[PDB]
Structures are given as C-alpha cells and as structure tokens.
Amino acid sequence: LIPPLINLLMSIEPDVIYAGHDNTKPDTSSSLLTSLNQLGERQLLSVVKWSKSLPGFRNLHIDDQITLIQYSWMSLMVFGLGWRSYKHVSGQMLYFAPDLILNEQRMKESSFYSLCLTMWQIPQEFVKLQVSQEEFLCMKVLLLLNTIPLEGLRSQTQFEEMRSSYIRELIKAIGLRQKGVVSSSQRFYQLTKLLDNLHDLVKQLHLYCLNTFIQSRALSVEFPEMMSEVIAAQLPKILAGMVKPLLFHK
C-alpha cells in the first residue's frame, strides 16, 4: 500500500489551473507570453497554498518559507508542466494548462521555439523513466527544498530534518514498484540525478524570464504582482550563483 505521507501529498495537490487564454484569436509573441505570465501568477498562488498544507513547511521560520518559494518556483512550475504533459498528452505536447496546450507546430510558431524544446525535455525524460505519481510527489517537495542561501536558513536544523524526511519518502516511493536492491539504488541515483540536472535547465529559464521582465514594456508583455516581486526579490542573485544549490551528487 501507499505510505501515509505520499497519500497526504496526493491529497494536497492543487486542482487544475487555467491560463485564461483566448483561443479564438491567433497566437502572437505578446499574447502567449502574457497568458504564460497570468498562468504563472495563478500557479504561484497555488504553490503558496500547497506549501501551507505541506507537512513540515509551516514550522520553518516565515522568512525561510518565503526564501524557499522565491528560490524554487521556476523549478516547481517546469516540473509540474512536465508532469501534466506526460500524464495528459503522452509527453508529446506542452500542457501548460487545459486552455494553453502547445503541440510542436504551435511551439515552432511561438517565437520561442528553442525555449519550448528546452522545457519539452522534462516530459520526454518522464516518458523515458516512467516516473510514478508517488515518485513525482516526493521529487516535487525536494525541488522546493533544493536551494538555500549561502548563509543557510534561519531554521536550518528543521530544514535539514524536513529535507531528509522527504528523501527517505522518495526512497519508499521507489520501493513501491522497483523491487530489488540494485534496481532501487540505481533508481534513486537516476531520479536524484534528474533533480540535479534541473538546476541547469532552470538557469536558462531564469535568464529568459529576467530578460523578458526587463524588456516587458517594449515587448508588450504584462507581468502580474506576485511574479514581479518574486523576480525582483531574487532572480539576479540566483542567476549570479549567490545561493547554494543542493546537489545529491558530485
């Protein structure tokens, strides 16, 4: 049977979130980017709500909670994007939302095709590894807990304990299907290596995002309130490498 913490994690998953995109008009660079920003805002609010229900998180200092959300939102959103694409469209479209689905042809006409291909890697890897929902749910918590300040957190002890607890839960999630010590240990390496590899992909997304933000007036792209502050609050520092990415492997 499924371990209770994994069961809890499934129960607190956000519901389906819509972009509010107007699909009756043809795509433009500005319209797509704006819908993506609107969806991002909605997904951020959803991440905040999720975090409030996430066992352990509310007991970290409030400053730490804010920092970890500010550090991890891009990772959580692209990982989510990968999951939805894998589950709803067999990994073969980018499933941003039910009203914002980009098949490859739409990607090619997006104006940011290379960015789409970079993002599209994640669901193709989920297809390759056949990631289970239980593994996904645990890995997603670890992404929230995958970067800390250079000086550490205020609730560092509690953070280490919480992070270690979700790593132990990932190991149980793996043990649900992959039986055999060799397979299970290899599976842990592969899934944790995937999380390590996400740091680099996410850096490309952070740069694109920051450039788009700076040039938002010229490009006629709107950035909502919570998006503007999470970017204001940490993106340059993160891009500069003035934080500590946590790696599972050297």
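Residue positions are given as counts along the sequence shown, with the first one as 1. Only the largest set of C-alpha atoms that superpose within 1.5 Å between the two forms is called the rigid core.
- Superposing each structure in 9 other deposited structures of this protein on the rigid core shows that the farther-lying of 100-108 and 67-75, by root-mean-square Cα distance, is 100-108.
- Structural divergence in 9 other deposited structures of this protein between 237-245 and 13-21: following superposition by the core, 237-245 has C-alpha atoms lying farther from the shown form.
- Averaged over CA atoms, B-factors in the entry run higher in 222-230 than in the other of 9-17 and 222-230.
- For the pair 165-173 and 120-128, the mean Cα B-factor is higher in 120-128.
- Highest C-alpha temperature factor among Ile62, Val181, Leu191, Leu54 per the entry: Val181.
- As recorded in the entry, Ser216 carries the highest CA temperature factor of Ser46, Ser216, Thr67, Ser35.
- The deposited CA B-factor of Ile101 belongs to the middle third of values across its chain.
- Ranked by Cα temperature factor within the chain, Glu151 sits in the highest third according to the deposited record.
- Annotation for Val78: CA B-factor lies in the middle third of the chain's modelled residues.
- Among the modelled residues of its chain, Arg42 has a C-alpha B-factor that falls in the middle third, as given in the PDB entry.
- Remark: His199 belongs to the highest third of its chain, ranked by C-alpha B-factor as recorded.
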